[PDB]
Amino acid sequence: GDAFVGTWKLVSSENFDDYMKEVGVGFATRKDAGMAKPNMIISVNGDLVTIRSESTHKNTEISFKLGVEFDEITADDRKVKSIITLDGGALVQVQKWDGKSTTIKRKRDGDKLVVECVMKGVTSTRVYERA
(Lines of atoms letter the chains of each structure in order from A and count residues from 1; the text may use other names and numbers.)
(Lines give C-alpha, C1' and ligand atoms only; values in the text may rest on other atoms or scores of the structure.)
Protein backbone atom coordinates (compact mmCIF):
# COMPACT_ATOMS: atom_id res chain seq x y z
CA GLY A 1 0.00 0.00 0.00
CA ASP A 2 0.80 3.73 -0.05
CA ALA A 3 1.88 3.51 3.61
CA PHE A 4 5.43 2.30 2.85
CA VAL A 5 5.94 4.26 -0.37
CA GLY A 6 8.76 6.78 -0.03
CA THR A 7 12.45 7.36 0.76
CA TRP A 8 13.84 6.50 4.19
CA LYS A 9 17.02 7.24 6.14
CA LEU A 10 18.22 5.01 8.99
CA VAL A 11 18.51 6.55 12.47
CA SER A 12 19.07 3.68 14.90
CA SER A 13 20.25 0.07 15.02
CA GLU A 14 20.20 -2.45 17.85
CA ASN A 15 21.73 -5.89 18.33
CA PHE A 16 22.53 -6.03 14.60
CA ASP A 17 25.93 -7.73 14.89
CA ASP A 18 24.53 -10.63 16.92
CA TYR A 19 21.78 -11.09 14.32
CA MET A 20 24.46 -11.23 11.62
CA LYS A 21 26.62 -13.69 13.59
CA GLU A 22 23.57 -15.94 13.87
CA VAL A 23 22.92 -16.01 10.08
CA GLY A 24 26.59 -16.81 9.45
CA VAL A 25 27.86 -13.61 7.83
CA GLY A 26 31.67 -13.46 7.68
CA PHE A 27 33.61 -11.39 10.22
CA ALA A 28 34.99 -8.86 7.71
CA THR A 29 31.56 -8.47 6.11
CA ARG A 30 29.58 -7.98 9.38
CA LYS A 31 32.17 -5.46 10.56
CA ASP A 32 31.63 -3.64 7.25
CA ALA A 33 27.82 -3.89 7.03
CA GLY A 34 27.46 -2.36 10.50
CA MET A 35 29.56 0.74 9.76
CA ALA A 36 27.13 1.95 7.06
CA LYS A 37 23.76 3.72 7.22
CA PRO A 38 21.67 2.55 4.23
CA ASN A 39 18.72 4.33 2.65
CA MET A 40 15.55 2.40 1.88
CA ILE A 41 13.55 3.42 -1.21
CA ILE A 42 10.13 1.80 -1.66
CA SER A 43 7.70 2.26 -4.60
CA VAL A 44 4.79 0.54 -6.41
CA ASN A 45 3.64 0.38 -10.01
CA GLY A 46 0.40 -1.50 -10.43
CA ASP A 47 0.65 -4.89 -8.75
CA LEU A 48 4.46 -4.79 -8.77
CA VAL A 49 6.43 -3.72 -5.67
CA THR A 50 10.04 -2.44 -5.50
CA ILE A 51 12.48 -2.07 -2.58
CA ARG A 52 16.05 -0.86 -3.08
CA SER A 53 18.70 0.11 -0.53
CA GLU A 54 21.56 2.48 -1.34
CA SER A 55 24.96 2.46 0.40
CA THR A 56 28.44 3.91 -0.25
CA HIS A 57 29.55 0.52 -1.64
CA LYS A 58 26.82 -2.15 -1.62
CA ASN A 59 23.63 -1.40 -3.59
CA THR A 60 20.76 -3.87 -4.14
CA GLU A 61 17.11 -3.98 -5.27
CA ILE A 62 14.12 -6.36 -5.42
CA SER A 63 10.98 -6.37 -7.57
CA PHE A 64 8.13 -8.62 -6.45
CA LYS A 65 4.41 -9.29 -6.10
CA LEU A 66 2.68 -9.99 -2.77
CA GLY A 67 2.20 -13.64 -1.85
CA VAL A 68 4.24 -14.89 -4.80
CA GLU A 69 7.50 -16.70 -4.07
CA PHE A 70 10.67 -15.54 -5.84
CA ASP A 71 14.45 -16.06 -6.04
CA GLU A 72 16.74 -13.60 -4.28
CA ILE A 73 20.50 -13.01 -3.90
CA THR A 74 20.99 -11.05 -0.66
CA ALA A 75 23.53 -8.30 -0.06
CA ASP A 76 25.70 -10.80 1.80
CA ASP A 77 25.53 -13.30 -1.10
CA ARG A 78 23.01 -15.89 0.14
CA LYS A 79 20.81 -17.53 -2.51
CA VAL A 80 17.44 -17.59 -0.76
CA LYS A 81 13.76 -18.07 -1.57
CA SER A 82 11.57 -15.13 -0.52
CA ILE A 83 7.87 -14.74 0.08
CA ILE A 84 6.51 -11.34 1.17
CA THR A 85 3.03 -10.71 2.57
CA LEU A 86 0.80 -8.03 4.05
CA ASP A 87 -0.06 -9.33 7.52
CA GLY A 88 -2.17 -6.72 9.27
CA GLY A 89 -0.53 -3.51 8.08
CA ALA A 90 2.96 -4.99 8.20
CA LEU A 91 5.18 -6.17 5.35
CA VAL A 92 6.30 -9.62 6.42
CA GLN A 93 9.16 -11.17 4.44
CA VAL A 94 10.43 -14.73 4.94
CA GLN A 95 13.78 -15.92 3.54
CA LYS A 96 14.56 -19.62 3.49
CA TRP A 97 17.78 -21.42 2.49
CA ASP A 98 19.59 -24.67 3.41
CA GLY A 99 17.03 -25.73 6.01
CA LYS A 100 17.19 -22.38 7.80
CA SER A 101 14.85 -19.35 7.67
CA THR A 102 14.73 -15.73 8.81
CA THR A 103 11.88 -13.22 9.02
CA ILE A 104 12.09 -9.47 8.30
CA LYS A 105 9.13 -7.40 9.48
CA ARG A 106 8.51 -3.85 8.25
CA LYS A 107 5.84 -1.78 10.04
CA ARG A 108 4.85 1.86 10.59
CA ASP A 109 5.10 3.59 13.97
CA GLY A 110 4.06 7.22 13.79
CA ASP A 111 6.49 8.86 11.39
CA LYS A 112 8.95 5.93 11.58
CA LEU A 113 9.43 2.63 9.73
CA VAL A 114 10.37 -0.10 12.20
CA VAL A 115 12.27 -3.11 10.86
CA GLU A 116 12.75 -6.26 12.94
CA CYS A 117 14.98 -9.10 11.69
CA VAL A 118 14.72 -12.42 13.56
CA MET A 119 16.78 -15.63 13.35
CA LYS A 120 15.66 -18.26 15.91
CA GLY A 121 15.90 -16.35 19.18
CA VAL A 122 17.91 -13.30 18.07
CA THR A 123 16.21 -10.04 17.07
CA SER A 124 17.72 -6.85 15.67
CA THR A 125 15.84 -3.54 15.45
CA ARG A 126 16.47 -0.77 12.91
CA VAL A 127 14.42 2.44 12.88
CA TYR A 128 13.98 4.55 9.77
CA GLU A 129 12.51 7.99 9.11
CA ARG A 130 11.61 9.93 5.95
CA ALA A 131 14.03 12.03 3.92
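In case it trips you up, residue 1 is the first one in the sequence shown, and so on.
Colleague: Tell me which stretch has the larger mean Cα B-factor in this entry, 111-119 or 13-21.
Modeller: Going by the record's values, the stretch with the higher mean is 13-21.
Colleague: When the C-alpha temperature factors are averaged for each of 51-59 and 72-80, which stretch ends up with the higher value in the entry?
Modeller: If you average the C-alpha B-factors of 51-59 and of 72-80, the larger mean comes out for 51-59.
Colleague: Quick one: which of 96, 65, 105, 31 has the biggest Cα B-factor according to the entry?
Modeller: Of the options given, 31 has the highest CA B-factor in the PDB entry.
Colleague: Out of 36, 44, 41, 91, which shows the largest CA B-factor listed in the entry?
Modeller: Most elevated C-alpha B-factor of the set, per the entry: 36.
Colleague: Lowest, middle or highest third of the chain for the C-alpha temperature factor of residue 3?
Modeller: According to the entry, residue 3 has a C-alpha B-factor in the chain's middle third.
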